[PDB]
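The file my_file_3.json contains JSON, C-alpha atoms (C1' of nucleotides):
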[["chain", "number", "residue", "atom", "x", "y", "z"],
["A", 1, "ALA", "CA", 5.46, 89.17, 66.54],
["A", 2, "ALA", "CA", 5.76, 87.37, 69.85],
["A", 3, "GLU", "CA", 6.66, 84.03, 68.25],
["A", 4, "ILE", "CA", 6.04, 81.61, 65.38],
["A", 5, "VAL", "CA", 3.61, 78.74, 66.00],
["A", 6, "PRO", "CA", 2.49, 75.79, 63.85],
["A", 7, "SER", "CA", -0.75, 76.19, 61.93],
["A", 8, "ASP", "CA", -2.78, 74.49, 59.21],
["A", 9, "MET", "CA", -4.49, 77.56, 57.70],
["A", 10, "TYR", "CA", -1.37, 78.80, 55.87],
["A", 11, "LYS", "CA", 0.98, 77.40, 53.25],
["A", 12, "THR", "CA", 4.16, 77.92, 55.28],
["A", 13, "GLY", "CA", 2.74, 75.65, 57.98],
["A", 14, "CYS", "CA", 3.34, 78.37, 60.57],
["A", 15, "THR", "CA", 1.73, 81.62, 61.67],
["A", 16, "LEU", "CA", 2.77, 84.51, 63.87],
["A", 17, "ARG", "CA", 1.49, 85.18, 67.39],
["A", 18, "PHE", "CA", 0.36, 88.73, 68.17],
["A", 19, "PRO", "CA", 1.40, 90.24, 64.82],
["A", 20, "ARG", "CA", 1.47, 93.99, 64.23],
["A", 21, "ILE", "CA", 2.87, 96.38, 61.63],
["A", 22, "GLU", "CA", 5.91, 98.42, 62.63],
["A", 23, "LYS", "CA", 6.56, 100.17, 59.31],
["A", 24, "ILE", "CA", 5.54, 100.01, 55.65],
["A", 25, "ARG", "CA", 9.00, 100.02, 54.11],
["A", 26, "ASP", "CA", 9.18, 102.37, 51.12],
["A", 27, "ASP", "CA", 12.89, 101.61, 50.61],
["A", 28, "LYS", "CA", 12.63, 97.82, 50.19],
["A", 29, "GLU", "CA", 11.73, 96.32, 46.82],
["A", 30, "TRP", "CA", 9.32, 93.42, 46.44],
["A", 31, "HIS", "CA", 12.13, 91.01, 45.52],
["A", 32, "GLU", "CA", 13.94, 91.68, 48.82],
["A", 33, "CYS", "CA", 11.25, 89.78, 50.74],
["A", 34, "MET", "CA", 12.04, 87.08, 53.24],
["A", 35, "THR", "CA", 12.42, 83.51, 51.99],
["A", 36, "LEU", "CA", 11.16, 80.21, 53.35],
["A", 37, "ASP", "CA", 14.75, 79.31, 54.22],
["A", 38, "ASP", "CA", 15.19, 82.41, 56.37],
["A", 39, "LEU", "CA", 11.84, 81.80, 58.06],
["A", 40, "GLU", "CA", 12.82, 78.21, 58.88],
["A", 41, "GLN", "CA", 16.17, 79.39, 60.24],
["A", 42, "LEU", "CA", 14.46, 81.99, 62.44],
["A", 43, "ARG", "CA", 11.89, 79.44, 63.62],
["A", 44, "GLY", "CA", 14.57, 76.92, 64.59],
["A", 45, "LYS", "CA", 17.02, 79.42, 66.07],
["A", 46, "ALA", "CA", 15.21, 79.91, 69.39],
["A", 47, "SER", "CA", 12.42, 77.30, 69.50],
["A", 48, "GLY", "CA", 10.04, 79.69, 67.73],
["A", 49, "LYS", "CA", 10.29, 82.55, 70.22],
["A", 50, "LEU", "CA", 11.35, 85.77, 68.49],
["A", 51, "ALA", "CA", 12.97, 87.15, 71.67],
["A", 52, "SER", "CA", 16.39, 85.51, 72.01],
["A", 53, "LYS", "CA", 19.13, 87.95, 72.99],
["A", 54, "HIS", "CA", 19.60, 89.49, 76.42],
["A", 55, "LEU", "CA", 19.01, 93.04, 77.58],
["A", 56, "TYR", "CA", 22.25, 94.81, 78.45],
["A", 57, "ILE", "CA", 23.04, 97.92, 80.47],
["B", 1, "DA", "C1'", 23.40, 196.93, 88.69],
["B", 2, "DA", "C1'", 22.95, 193.32, 84.90],
["B", 3, "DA", "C1'", 24.05, 188.72, 82.69],
["B", 4, "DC", "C1'", 25.14, 183.83, 82.99],
["B", 5, "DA", "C1'", 25.60, 179.29, 85.48],
["B", 6, "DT", "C1'", 23.65, 175.92, 88.87],
["B", 7, "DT", "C1'", 19.90, 173.64, 91.40],
["B", 8, "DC", "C1'", 15.45, 172.08, 92.35],
["B", 9, "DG", "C1'", 10.80, 170.01, 91.89],
["B", 10, "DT", "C1'", 8.28, 168.64, 88.02],
["B", 11, "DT", "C1'", 7.23, 165.99, 83.86],
["B", 12, "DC", "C1'", 7.30, 162.28, 80.24],
["B", 13, "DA", "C1'", 8.85, 157.92, 78.25],
["B", 14, "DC", "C1'", 10.52, 153.30, 78.74],
["B", 15, "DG", "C1'", 11.54, 149.03, 81.26],
["B", 16, "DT", "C1'", 10.43, 145.06, 84.69],
["B", 17, "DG", "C1'", 7.56, 142.08, 88.18],
["B", 18, "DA", "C1'", 3.02, 140.09, 89.62],
["B", 19, "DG", "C1'", -1.97, 138.83, 88.70],
["B", 20, "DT", "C1'", -5.47, 136.84, 85.46],
["B", 21, "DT", "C1'", -7.46, 134.38, 81.27],
["B", 22, "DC", "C1'", -6.82, 131.15, 77.39],
["B", 23, "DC", "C1'", -4.81, 127.29, 74.90],
["B", 24, "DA", "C1'", -1.43, 123.41, 73.92],
["B", 25, "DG", "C1'", 0.91, 119.40, 75.69],
["B", 26, "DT", "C1'", 0.50, 115.44, 78.75],
["B", 27, "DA", "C1'", -1.49, 111.70, 81.26],
["B", 28, "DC", "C1'", -4.82, 108.10, 81.94],
["B", 29, "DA", "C1'", -9.03, 105.31, 80.98],
["B", 30, "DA", "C1'", -12.51, 103.38, 78.02],
["B", 31, "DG", "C1'", -14.06, 102.07, 73.37],
["B", 32, "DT", "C1'", -13.23, 99.85, 68.88],
["B", 33, "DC", "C1'", -10.97, 97.00, 65.69],
["B", 34, "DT", "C1'", -8.01, 92.77, 64.92],
["B", 35, "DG", "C1'", -5.34, 87.95, 65.39],
["B", 36, "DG", "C1'", -4.81, 82.99, 66.71],
["B", 37, "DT", "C1'", -6.39, 78.42, 68.26],
["B", 38, "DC", "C1'", -9.23, 74.90, 70.25]]
Could you write out this structure as structure tokens?
Amino acid sequence: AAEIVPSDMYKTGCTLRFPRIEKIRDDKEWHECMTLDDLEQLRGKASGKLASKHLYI
DNA sequence: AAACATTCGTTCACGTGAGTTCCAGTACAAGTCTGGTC
């Protein structure tokens, strides 16, 4: 997703911008899902934008 | 004088380069489905 933005249609209080599926993980169990704490940490890490680090070459 | 070896023009098979047709991979563009909010 491009970023995480506030919303009122979802329980987490936030929704993704431009979401798309990259892979249906057949190796991850259901209990390995993200947690609200991790989502809050990711949201606060870079002001909601999911692109933080710098391209290198 | 008679027998054997060599040479020559011919013949066949097999291999390699250039032309033509057909199909797969690639590129791009448009269509279709979806997401989010105000």
Write down, as a PyMOL selection string, each residue of chain B that has any atom within 12 Å of an atom of chain A, counting all atoms listed in the file. chain B and resi 34-38
For those residues, write C-alpha atoms (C1' of nucleotides) to a file as a tab-separated table (two decimals), keeping the file's coordinate frame.
chain	number	residue	atom	x	y	z
B	34	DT	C1'	-8.01	92.77	64.92
B	35	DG	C1'	-5.34	87.95	65.39
B	36	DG	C1'	-4.81	82.99	66.71
B	37	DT	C1'	-6.39	78.42	68.26
B	38	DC	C1'	-9.23	74.90	70.25
For range 21-24 of chain A, work out the shell of residues within 12 Å, counting only C-alpha atoms (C1' of nucleotides) and skipping chain neighbours fewer than 4 positions away, then give it as a VMD selection string. (chain A and resid 1 28 to 30) or (chain B and resid 34)
Computed gap from CA of residue 52 in chain A to CA of residue 2 in chain A is 11.0 Å
Take every atom of range 5-21 of chain B listed in the file, fit an axis-aligned box around them, add 8 Å per side, and give the centre and edge lengths in Å to one decimal as JSON.
{"center_x": 9.1, "center_y": 156.8, "center_z": 85.3, "size_x": 49.1, "size_y": 60.9, "size_z": 30.1}
Would you mind listing what lies within 12 Å of residue 43 in chain A as number ranges by chain, with all atoms listed in the file counted and same-chain residues fewer than 2 positions away left out? A: 2-6, 12-16, 36-41, 45-52
Atom pair CA of residue 31 in chain A / CA of residue 11 in chain A: separation (Å): 19.2 Å
